[PDB]
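>>> Let me give you the complex in parts, starting here:
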Amino acid sequence: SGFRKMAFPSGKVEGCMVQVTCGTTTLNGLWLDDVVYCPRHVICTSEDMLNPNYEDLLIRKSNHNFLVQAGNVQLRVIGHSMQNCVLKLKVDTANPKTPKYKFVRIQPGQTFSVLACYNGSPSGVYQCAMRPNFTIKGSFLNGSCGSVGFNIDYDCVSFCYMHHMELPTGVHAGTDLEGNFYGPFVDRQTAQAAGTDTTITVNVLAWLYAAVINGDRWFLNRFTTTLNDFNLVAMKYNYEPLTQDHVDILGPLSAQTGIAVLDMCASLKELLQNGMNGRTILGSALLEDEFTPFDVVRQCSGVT
């Protein structure tokens, strides 16, 4: 028992990290097979970042201008192309450490692990959620661009995020591995509105089920609610409206604990209306929304 904000083991991703330098800029790249993926802003100088003309900046670059280093060994670049906001550097050697992998575009409210890197070297790993507004609240310093987010299903790494930018608000924005930003963001040094965010209701409910499984039960009450009534409360408290699709994904946790989803909704309703009263749930004094129902089941069943 016990419940932690657990990340996937990062080894399979550590073996893919490289350093990419173009001119004066260094960031991280992801080496899979014979391609290195990295943020296209590796080609910018500070003078360029207010609104870079990426097409023109890339025309001034040749294969030999992209310095790619995998630990201590240099990779030979034999092609380059820009796809949306990523560059794809074709190299003459397939990464021997390439794991089985997929590129996936995750949905808002889903979670993933981030391997924060600097100069192609891994620094640390943490778990986070893609907010409903498509930002991430990460831990990224200058030089972390090109670090990736991923999930692992047995031996397959599904890469879902590449880090590109820290907005002036201190929240993070990035792309899928085809270089499409999550959210409305653009790769320019400008203030950019991130939408209104909401709390991921189905994840808070999953975490309340994790709490019951792991011994924290004080918040269970004698009440029930309906989706309509619960959604009036979710509206007031800026929580995502709950749907039958969310109730269905909570089915396994409802079956494991014997607590009907709408009864757990009534516990969440009381917690939203009354607060925690100075108590904690799974070591937290707030309602946690960074665990999906799949994460809770995986953590409570010991999936490897």
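Yep, that arrived. Numbers count the residues shown, from 1 in each chain, chains lettered A, B, ... in the order given.

>>> Now do the helix or strand where residue A:255 lies: which elements does it pack against?
When secondary structure is defined using DSSP states H and E, the element that contains residue A:255 is helix A:251-257. Helices and strands in packing contact with helix A:251-257 are listed as helix A:201-213, helix A:261-274, helix A:293-301; criterion 3 or more C-beta pairs under 8 Å, 6 or more residues apart in numbering; DSSP states H and E. (C-beta placed from N, C-alpha, C; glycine too.)

>>> out of the ones you listed, deepest packed?
Using mean count of other C-beta atoms under 10 Å, the stretch among the helices and strands packed on helix A:251-257 with the largest mean neighbour count is helix A:201-213, at a mean of 23.

>>> just the angle between that helix and helix A:261-274, please?
Taking axes from the mean of the first three to the mean of the last three C-alpha atoms, to 10 degrees, one finds helix A:201-213 and helix A:261-274 inclined to each other by 100 degrees.

>>> helices and strands around the following helix or strand past helix A:201-213, which ones?
Scanning forward in sequence from helix A:201-213, with DSSP H and E defining helices and strands, the next element found is helix A:227-236. Under the contact criterion of 3+ C-beta pairs under 8 Å, 6+ apart, helix A:227-236 touches helix A:261-274.

>>> would a markdown table of the helices and strands packed on helix A:251-257 with distance to residue A:42 be doable?
Formatted as a markdown table, the entries for those read as follows, by distance: least, C-beta to C-beta, whole Å:
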| stretch | distance to residue A:42 |
| --- | --- |
| helix A:201-213 | 34 |
| helix A:261-274 | 44 |
| helix A:293-301 | 33 |
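
>>> and of these, who's closest to residue A:72?
helix A:293-301 (36.2 Å; C-beta to C-beta).

>>> Go ahead and name everything in contact with that closest one.
Under the contact criterion C-beta atoms under 8 Å, 6 or more residues apart in numbering, helix A:293-301 has outside partners A:3-4, A:6, A:111, A:202-203, A:205-207, A:209-210, A:213-214, A:249-250, A:252-253, A:256, A:291.

>>> Go ahead and produce CSV holding the CA coordinates of that helix.
Written as CSV, here are the backbone C-alpha positions of helix A:293-301 (Å, rounded to 0.1, in the frame of the first residue of the first chain):
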residue,chain,number,x,y,z
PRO,A,293,-8.1,6.1,-13.3
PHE,A,294,-5.6,4.0,-15.3
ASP,A,295,-2.7,5.4,-13.2
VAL,A,296,-4.6,4.5,-10.0
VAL,A,297,-5.3,0.9,-11.2
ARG,A,298,-1.7,0.5,-12.5
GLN,A,299,-0.2,1.7,-9.3
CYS,A,300,-2.6,-0.4,-7.1
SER,A,301,-1.9,-3.6,-9.3
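
>>> and that helix with helix A:201-213, angle?
Calculated by the same axes, to 10 degrees, helix A:293-301 forms an angle of 20 degrees with helix A:201-213.

>>> domain assignment for chain A?
The record assigns chain A these domain ranges, following CATH domains of a matching chain: A:1-14+A:100-197, A:15-99, A:198-301.

>>> quick one on the thing from earlier: what's the closest of the helices and strands packed on helix A:251-257 to residue A:242?
For the helices and strands packed on helix A:251-257, the distance to residue A:242 is smallest for helix A:201-213, at 5.2 Å, taking C-beta to C-beta.

>>> Another chain to add, chain B:
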Amino acid sequence: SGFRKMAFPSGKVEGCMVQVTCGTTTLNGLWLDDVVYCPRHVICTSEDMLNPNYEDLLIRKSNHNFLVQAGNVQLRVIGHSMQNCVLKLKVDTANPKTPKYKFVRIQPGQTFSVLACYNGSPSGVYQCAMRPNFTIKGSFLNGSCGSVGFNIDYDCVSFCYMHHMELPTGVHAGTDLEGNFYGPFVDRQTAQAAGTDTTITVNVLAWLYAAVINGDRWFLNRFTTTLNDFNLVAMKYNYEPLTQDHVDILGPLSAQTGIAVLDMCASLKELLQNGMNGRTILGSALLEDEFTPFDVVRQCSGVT
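One more chain to add, chain B, which I have set with the ones above:
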């Protein structure tokens, strides 16, 4: 910017994990050079666990009774010995993935990463603290015994913990890599008192400095305090007494922010006496003590 409960990249440790089976019991082992380390209770049956006679149980075992499997390949066991609460299984092949490593006994209040494993396969990685009472609040299910805790300083893995037991209270106990338990625990299925725990004051202060560095400043006040006055408050709130040694380790963070350690102590004093008033610090609604001053500097400087 941003601050997360970050674990070390686990790849170097993933390469050391093996499955050890003895009779009907399977758990995890750590393969370094030509030795596999695992909890000695791998030799017990359920009938043995109330108070096992480990010496007698191990006398009934031969090298060929210890089944060690590294992924899909079987290791040949050419020796066995019990050291405190660990078994050391000498194998005929040095682990090719053995990283540079050390065995260290950590101090209470220090932090480390855990690579939770089942059947020798990594499941996930998380960061935690060794409580002042020598327990850990982990995420461990049955089959996780033998999972290890570690820190990494550049290319060297310092292994500090091997998981052995979940106490009836749901908290975790284990040993250093020489098999000495942290705390008063014994490897038997009995209720065992864990001491009175306290909050790790120097880590809460480090985390308040991380909060100021990362933009959360609302808790800064016009006050100062002394070590004596602060320690009266720490006493009331079950916090570890602060010493000049703790003030000295907070020196770098004090220099980075320009906030004297005793002024930060006055902010912590007000937070202990008044609570958070429904506000958060670094996404937490409680005072976090699982980040050391070294962790805060490492995370805020991008060490790889």
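
>>> now that chain B has been added, could you go back to what packs on helix A:251-257?
Using 3 or more C-beta pairs under 8 Å, 6 or more residues apart in numbering or on different chains; DSSP states H and E as the contact criterion, the elements in contact with helix A:251-257 are helix A:201-213, helix A:261-274, helix A:293-301.

>>> one more time with 7 Å, if that's ok
When contacts are defined as 3 or more C-beta pairs under 7 Å, 6 or more residues apart in numbering or on different chains; DSSP states H and E, helix A:251-257 sits against helix A:201-213, helix A:293-301.

>>> Output the contacting helices and strands for the longest one.
In this case it means helix A:201-213. Packing partners of helix A:201-213 (3+ C-beta pairs under 7 Å, 6+ apart): helix A:244-249, helix A:251-257, helix A:261-274, helix A:293-301.

>>> at 10 Å instead, please
Helix A:201-213 is packed against helix A:227-236, helix A:244-249, helix A:251-257, helix A:261-274, helix A:293-301, with contacts defined by 3 or more C-beta pairs under 10 Å, 6 or more residues apart in numbering or on different chains; DSSP states H and E.

>>> returning to what we had before: in the helix holding residue A:255, what's buried?
For helix A:251-257, a neighbour-count test (16 or more other C-beta atoms under 10 Å in any protein chain shown) marks A:252-254, A:257 as buried.

>>> How about stretch A:149-165?
Going by neighbour count (16+ other C-beta under 10 Å), the buried part of stretch A:149-165 is A:149-152, A:157-165.

>>> Same check on stretch A:126-143?
The neighbour-count check on stretch A:126-143 (16+ other C-beta under 10 Å) flags A:126-141, A:143 as buried.

>>> Show me which residues of stretch A:38-46 are buried.
When neighbours are counted by 16+ other C-beta under 10 Å, the buried residues of stretch A:38-46 are found to be A:38-44.

>>> Serialize those residues to TSV and add fields for distance to residue A:21.
Compiled in TSV, those are given as follows (distance: C-beta to C-beta, whole Å):
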residue	distance to residue A:21
A:38	10
A:39	13
A:40	14
A:41	13
A:42	8
A:43	11
A:44	13
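
>>> Any chance of the residues you listed in a markdown table with secondary structure and distance to chain B as columns?
A markdown table is the format used below for the buried residues of stretch A:38-46 (DSSP: H, G, I helix; E, B strand; the rest coil; distance: C-beta to the nearest C-beta, whole Å):
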| residue | secondary structure | distance to chain B |
| --- | --- | --- |
| A:38 | strand | 17 |
| A:39 | strand | 17 |
| A:40 | helix | 22 |
| A:41 | helix | 18 |
| A:42 | helix | 17 |
| A:43 | helix | 22 |
| A:44 | coil | 20 |
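
>>> How far does stretch A:12-19 sit from its chain's centre?
For stretch A:12-19, the distance from its own C-alpha centre to the chain's C-alpha centre is 17 Å (C-alpha atoms, centre = their mean, to the nearest Å).

>>> hmm, I was thinking of stretch A:223-232
What separates the centre of stretch A:223-232 from the centre of its chain is 30 Å, taken as C-alpha atoms, centre = their mean.

>>> Can you check the distance spanned by that stretch, start to finish?
Between the opening and closing residues of stretch A:223-232 we find a distance of 16 Å, counting by C-alpha to C-alpha, to the nearest Å.

>>> Repeat that for stretch A:81-96.
End-to-end distance for stretch A:81-96: 23 Å, by C-alpha to C-alpha.

>>> Then stretch A:99-114?
Its first and final residues considered, stretch A:99-114 spans 17 Å by C-alpha to C-alpha.
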